[PDB]
Structures are given as structure tokens and as C-alpha cells.
Amino acid sequence: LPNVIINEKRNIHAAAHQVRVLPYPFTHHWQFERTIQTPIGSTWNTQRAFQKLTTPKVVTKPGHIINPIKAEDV
Amino acid sequence: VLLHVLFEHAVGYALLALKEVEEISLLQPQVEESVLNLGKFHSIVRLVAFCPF
Amino acid sequence: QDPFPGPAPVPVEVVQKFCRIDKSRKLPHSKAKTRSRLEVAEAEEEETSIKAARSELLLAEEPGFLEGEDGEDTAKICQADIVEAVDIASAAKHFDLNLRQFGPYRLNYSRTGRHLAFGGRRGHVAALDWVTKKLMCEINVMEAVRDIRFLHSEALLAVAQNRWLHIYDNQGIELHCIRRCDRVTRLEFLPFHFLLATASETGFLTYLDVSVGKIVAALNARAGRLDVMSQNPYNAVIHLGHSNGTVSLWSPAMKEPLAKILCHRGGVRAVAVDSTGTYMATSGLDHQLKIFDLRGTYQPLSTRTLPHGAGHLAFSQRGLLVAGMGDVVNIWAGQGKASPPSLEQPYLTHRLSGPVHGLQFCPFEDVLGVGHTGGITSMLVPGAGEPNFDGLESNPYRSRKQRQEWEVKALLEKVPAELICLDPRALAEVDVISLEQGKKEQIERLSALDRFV
Amino acid sequence: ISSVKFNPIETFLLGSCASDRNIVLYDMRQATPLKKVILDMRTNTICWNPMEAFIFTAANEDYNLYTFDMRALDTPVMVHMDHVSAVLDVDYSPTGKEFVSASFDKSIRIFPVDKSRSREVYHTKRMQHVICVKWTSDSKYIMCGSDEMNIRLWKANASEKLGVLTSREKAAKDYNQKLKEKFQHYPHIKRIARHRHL
RNA sequence: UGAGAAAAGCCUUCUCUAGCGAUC
């Protein structure tokens, strides 16, 4: 930078909110950073894009008895 | 919990089908709205047959 | 035998706009457990971007335009020629209020383009809907007024009086008199943080949280009198102009400026940045208009010498730049597709009754607001306003119930002051220095007589 | 022999626990035991996974829970270490992804099958020495039996709304769940989420 | 109690219920 001076001091208050550890199963911090980039709210995505992003993993009917698996539905 | 209910009225007999319901907590302050509110009641109950007199 | 078998394609440029991954990174991964997560992340990103590409057809409006014929220059085209050639709806938006008995006026548009508030030097304060010709309030504080700004919705407005800072309702009822902020010259509001920034004559920059009502920061610039101030909407940082020729970047967390950029050989008197946060426009006493690239380079992209001095600068949502020199305003236009505005030749010109004291573009309309000694004028600027607005963020045609639902959502979503940095995505990157501190703790737990000498 | 359990999948199999700190697998059709594995301490109760035929969880007295694959019984799949007293009873959800354990200390915990730490813990002054816990059949409630002559009912999720929901309520609930797992590694999120008063 | 007290006409901000909407 020809005439620009950049403050090299770190913002400690902002650094408190950042993630300290590198989560499993990630070896490099570049790998973990990629997953968090995509936003998920309905403000930034269409309604059908929002629905596929918020798909629940387990769906249960409220009143039906759940039986164990039986030979791939026999 | 899918089952059929037979309701007898002065006008005739009605057969209805129940899709789903929270059975254990039904007699509780929050879940009771499921049957009280007409819109929520239509969600879980349908009229499959009606035979008037 | 189907001539075109494949599904409908989507434009690559449009998809690239709805993209937030860094493909340039060449990280190596040799583990399948790492690989499965990465491919899903790309799969999630690609499908969301495709859906937004199809939604481009849902957009219904088109930006305005103005091009001459038979070699005529658009600079010499006057406002009267435009008004007769445009529909009756837009023609009603051009008007010239004449209030010379009071001093020169400073004007501010609300974030929604429906409402306008202005303040006079002699102390005339009025707020009005400007689309319809109705007056919300019109009061005369006995003390002098230097600046006027809106606070989030149109309900609250802040005036920078001679002694202290005052807060008023949209109907003219005085609410707060803030004595900490004294001799304030300039006011400007950060919308998504609910912070109001004040520049004072004594040289102090103060941040006030309007949501809670407490002062979060008070910083001493140590640069003398402060009179030139602006914010970057993308960056949320505050720009300060000084007589040295340097512009300082400020955040509420730090007690020292983020960066200093030398831009002029003399004192700087104006600064403005675009909505995207890419380009920076400054003017100075050396009669030079400069455009800087804020995306890591900080070099002057364009330079032009001016006969008079550009007191004020502003940027629209489509990238048009207007400079106010004395009693004459000049607008420079460029294609704007990944390019700065072209300073080769201006787009439109207009002469005011008096010297210019304030400029701002209406958010979602093709009009320009000018405040001067004679009064307030509204120009017609075809192609300056962004056509398609979002109904859930800033709806001009919103009811009272819609407005109050939005305000709670914004209050639930307020950003803390300390998160402001030069990078709005700084929260995403892993704290590298905190990594190695953790790794250190992890490691911790895991010839014959020469012998007689 | 303390307990015996039939396997809900391939229903001819059996599991057993005895007083020599061993677990014995039987076979009803061929009328012979299959294999024996000895641990450090006695296992109080055994429970079969209702969605995985070859997986079972043993409640052991060394403050721990052991998840086993019966084909490869040399080493346990996972170890659960959040209890501080002898574990008495366990039971699986029919979804097969979680189980609830009773212990000698006056608390009950819920563990994910793939995690080694408990998701939540329930406690009360009036409840002492939980003897038995059974997970209800619709994956929504917890019932526990204690020695103070009372049986208590608990909720599977402490913040779910049981009644019929509208479209906006369901959309909001799904958005909240995806938000929590997206930002699960941030320190402030971890600080609030993992705090259980004891 | 002490922007005294009392009465009329206009805007601003907001509170309660009651139907109605969730059945594809």
C-alpha cells in the first residue's frame, strides 16, 4: 500500500465470538470454512430452497405406534 | 392412530376418519385447541360417509 | 428424436451472483470422511443458486433510461424537457419549495423512500410524506440546526442543534435531549446495528444505541474539528475526512482508526461510497475528484480536475455519482457492471437558485433531493433508482400493521457493536491465533589428554 | 441370571447377563448358546436396538454404558461416561437413534448412539434411586419408576410443542433446528446450550 | 394536587375480544 496504513492490532472482542477449535472431521481450517458459507434463511433463499435446507432428519406421526423393522416391510 | 368413529345424530348417521392426534397429552391446556378450533379439527378429521334419515 | 432433450439451462452470470463459495481455494483433502461433507456443501450451494436464477423472471420492473438522438448531449438537456416527455405520475415528483426567509436546508430521506425530513439553519424542522403533498409535522426550534437524520422508521428523527442532540417524534413532540453529544456537526444512522454516529466540533466520535438508550463508545479522533463524515453500508464502518488529506476508518470497538488513506494533496471536504462498498468517492481543496477501489487495493481508479469545488457527493443504488459545486449539480453516469462511474463527461446538469448545502438520492425512486439556501428542489434522474424492492425489508406501500411486524423482527436481529470490522464476513473465518494456543495445550498433555580437560 | 431379552429383529435370538460379569448370547432355534463376553463389572440390564438387529446396549456397574456389535464382540462400539453411580436400566427409542438410562444416583440421562456424552439430564429432589425407565412407544415421552413409591412422566424434548401446529409454526421450528446445528461449534452457542443445572 | 381547573371539535400511538383462515 503506497499511502495506506493498516492497524495491525486485533479486535479481541470480535475474536471472542469466533470458533476456537477446529471441528472433527476437518484437518485444515480451509475445509471447515467452506461449509458455513451458505446462508439458510428465507430472506436470502427462495421458499422451496428454504424448505429443502430445513428438512428434518426424523419425521414421526404424532399418534401412530412405531414398530421395529420387519424384513424390509416383508 | 388411524381409526373410524361412528357418530349418531337426529338427522342421520355419520362416519368419520381420524388421521392423527396427540393422544397422551390430549386433556391438556395447549393440545386441547386441536379439537376446539374448527380449523385444526378439519386438519385431523374428515367426513367419509353420511346417511340422513 | 426430441430436438432439445436437456432441462432448461440457467445463466452462469446470474448463478454467480447468488454464490458465496471461494472456488479459487485449492485445499487438498485425502480423507473420504472430509470428502463426503465437502461434496454435500457444494451440492447445497448449487441447488439454492439455481432456484434464485429461475426467480429472476419474477422481477417485473425495468430501470429507467435517457439517451439522446442525432448526436445531442444529455448534459444540455434541462428538467423542463424531461417533465413534458414523462408520464403525469413522475412529473408530479418534480417540485421546488421556496423557503428563503430561513437559512440553508439540510435534507434526509427515510430508509423507505416515502418520507422526507429537512432542517433549516435558522431552525426550521419539518417532516412530511413527499409522494402525497401532506405535512406530518412542522416545528421551529429556537436554536440553530446543523444536521437532520431519521432513526429506523419515520417515527423518530434526530436533530443536531447548536448545543446538544435532540430526538423528536414524527408529529413534533420532543423526546430526548442528549447532553453528552455536544456541538455535533454531522449525523448518520447505522440501520442494522441501531447505532447513531455523531461527529462533533471538539473532535470526538460518539456511538449511541437507540434501541437501549446507552452510549456504547466515545472515541477521540485527535484530528481537530470533524465536519466530513460518511458510512459504508456494506462495511458499516465510518469514514472521516481531515485537513491533512487523509481518510480514517473507524469502528466502535477500537480506540484507534482501522486505517488511514491519504487521498488528496490538500484538505478533504467530501466523501461518499457506493451501496456495494466497492468504490469510494472523495473531493478536496486541490480541485480533484477521486474514485478509490476499497476492495483491498486502495488506489485511485479515476482522476479529474474541476473548475469549481465539489462540496458534496452522493451515490445512488445503481451507481450514479452526483457532485454539488456551488449552485450547480452535476451527475456522472457509468455502465456500472463491475466498473466505476465514468468521469469523462457528465450525464445531467442543473442550476440551483442558491449554493448547494445537501444532496441525497431517494432509495427506490428516480428523483434526487437537493437542499440549498433558496429552499428544496426535487430533480428527475432517469435510471438512478433500483426498480424492484423487497416487500419484507423496505416496502413503500406498507400498512401500519406491516410496519410494526417488521420493527420487532429487526429488533430481534440487532447486531452487536463489537462485530463491526473491515470484513462483514470476518465471523466465518476460524480464529487462527486461538487455534495454536489450543494446540499448545494439546501438545503439553501428550587428543589423548583432551578427555582430562 | 439377572435379565433375559428377546431380539425384536430375527426374533430367535436372546441376550443374557449373569453374576460372573459376563454377557451370554443364545439361539432359540438351534437350542444352544452362541458366545460369551466378560467385562470388568456386572451388567445390570441389556436392551436391543429396535432398528439395528446386531446392536445392543448393556448397562454396567462401572458408571458406564457399553454399545456392542454382537458379530464383533471383542471391543464395544462406543462408551458412555456421564453417570456417577451404578447404571440400572436402559431402553431404546423406536427410532433407534437414542436411548435413556436409569442409574443409582437420582438422575436419568439420554444418550445418542453415536455420541459418548449425554444430551440431557433430568432430576428432582423428590425422586431417588431410579430403578426402571421405559421409553414410550410413540417416541415422545419418558416414564421412570423409583423407590419412593411414585411413577413420573417426562417429555422426550423439553421445548417441543405437543399440539397441532400451523404452517408458519412448523416452518419456524424447522428453521430454528437447522440454525442451531449450523452454528453449533461457536463458543457462545456452546456455552448456553450445554448448561444443565445439577 | 400544583404542564391550575373545566368543556368541546381534529390527527398520532396502541389495547381487547369475536368470527374468519389452515380439508390439497
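**Focus: the side chain of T67 of chain D**
Its place among the elements puts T67 of chain D in strand 7 (residues 65-69). With a relative accessible area of 5%, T67 of chain D lands in the buried category.

**What to know about the layout of surface pockets**
All names here are of chain C. Its volume calculated, the second largest pocket comes out at about 840 Å³. Along its surface, the second largest pocket is lined by 28 residues, and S90, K93, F364, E365 and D366 are the ones closest to its centre. Each residue belonging to the lining of the second largest pocket can be placed in one class, and the counts come to 15 nonpolar, five polar and eight charged.

**What about the interface of chain D and chain A?**
On the chain A side, the residues contacting the 21 residues of chain D number 23 residues. For the pair chain D and chain A, the summed buried area comes to about 2000 Å², and 70% of that belongs to carbon and sulfur atoms. Looking at the side of chain D facing chain A, the largest losses of area belong to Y175, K182 and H185 of chain D, adding up to 26% of the total buried there. Our count for the contact surface shared by chain D and chain A stands at one residue pair in polar contact.

**So, the pattern of salt bridges**
Under the definition given, this model contains 27 salt bridges over all chains. Among the salt bridges present, the one from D73 of chain C reaches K76 of chain C, with a minimum N-O distance of 2.7 Å. Relative accessible area serves as the criterion here: at 22%, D73 of chain C is assigned to the partly exposed category. Here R119 of chain D makes a salt bridge to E98 of chain D, at a shortest N to O gap of 3.0 Å. Placement of the pair is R119 of chain D in the loop between strand 11 (108-112) and strand 12 (120-122) and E98 of chain D in strand 10 (residues 98-103), with a sequence separation of 21 residues. If you follow the salt bridges from partner to partner, you end up with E98, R119, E120 and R196 of chain D in one network.

**Looking at the protein's contact with RNA strand E**
The environment of RNA strand E is made up of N37, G39, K40, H42 and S43 of chain B, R400, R403 and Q404 of chain C together with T166 of chain D. The share of sugar and phosphate among atoms of RNA strand E within 4 Å of the protein is 39%. At 3.0 Å from a base nitrogen of RNA strand E is found a side-chain nitrogen or oxygen belonging to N37 of chain B. Within the backbone of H42 of chain B, a nitrogen or oxygen atom sits 3.2 Å from a sugar or linking oxygen of RNA strand E. Secondary structure elements with two or more residues in the surface near RNA strand E: helix 2 (38-44) of chain B together with helix 5 (400-412) of chain C. Here the surface near RNA strand E takes four residues from helix 2 of chain B, the largest share from any one element. Tallied by class, residues from the surface near RNA strand E come to no nonpolar, six polar and three charged.

**Overview of the pairing of strand 9 (residues 174-178) of chain C**
Residue and element names in this part refer to chain C. With four bridges connecting them, strand 8 (residues 165-169) and strand 9 associate as antiparallel partners. If you follow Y168 over to strand 9, its bridge partner there is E174. Between the antiparallel neighbours strand 8 and strand 9 lie four residues, among them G172 with a positive phi of about 105°.

**Brief notes about the nonpolar core**
Residue and element names in this part refer to chain C. Of all hydrophobic cores here, the largest spans 33 residues; its most connected members are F118, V322, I331, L368 and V381. Only strand 2 (105-109), strand 3 (115-120), strand 4 (124-129), strand 24 (328-332), strand 26 (356-361), strand 27 (367-372) and strand 28 (375-380) provide two or more residues apiece to this core. When near neighbours in sequence (up to four residues on either side) are disregarded, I331 contacts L320, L321, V322, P346, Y347, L348, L368, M379 and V381. By size, the runner-up hydrophobic cluster in this structure holds 18 residues, among which are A236, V273, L294 and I420.

**Some words on the packing of aromatic side chains**
Residue and element names in this part refer to chain C. In this structure the tally under the stated criterion is 14 aromatic pairs over all chains. Taken together, a centroid distance of 6.2 Å and an interplanar angle of 35° make the contact between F389 and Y397 tilted. Judged by relative accessible area, which is 32%, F389 ranks as partly exposed. For the cation-ring pair, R398 lies above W406, with the distance from its terminal atom to the ring centre recorded as 5.0 Å.

**A closer look at the UniProt feature "repeat: WD" in chain C**
In the UniProt entry, the feature "repeat: WD" is given for residues 99-140, 141-178, 180-218, 221-260, 263-302 and 305-342 of chain C. Secondary structure across residues 99-140 of chain C divides into 0% helix and 57% strand, with the first and last C-alpha atoms of the span separated by 14 Å.

Thresholds applied
Residues numbered from 1 in each chain as written, not as in the entry; some residues may be left out. Chains lettered and ligands numbered in written order. Part of a larger assembly, values for the part shown. Heavy atoms only, no water. Helix = DSSP H or I, 4+ residues; strand = E, 2+ residues; numbered from the N terminus. Buried < 20%, exposed > 50% of the residue type's maximum accessible area, 1.4 Å probe, protein only. 1 Å grid on protein atoms, 1.4 Å probe; cavity = no way out; pocket = protein on both sides within 12 Å on 5 of 7 lines; lining within 4 Å. Points joined across faces, edges and corners; volume = space filled by probe spheres on them. Nonpolar A, V, L, I, M, F, W, Y, C, P; charged D, E, K, R; others polar. Contact = heavy atoms within 4.5 Å. Buried area = accessible area lost by both parts, 1.4 Å probe. Polar contact = N/O pair within 3.5 Å; in protein donor to acceptor, adjacent residues only side chain to side chain. Salt bridge = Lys/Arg side-chain N within 4 Å of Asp/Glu carboxyl O. Near = heavy atom within 4 Å. Pairing = 2+ DSSP bridges. Core = buried A, V, L, I, M, F, W, Y, C linked by side-chain atoms within 4.5 Å. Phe/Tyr/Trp six-rings, centres within 6.5 Å; stacked < 30°, edge-to-face > 60°. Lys NZ or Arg CZ within 6 Å of the ring centre and 35° of its normal. UniProt positions renumbered as here; feature names shortened; annotations may be inferred.

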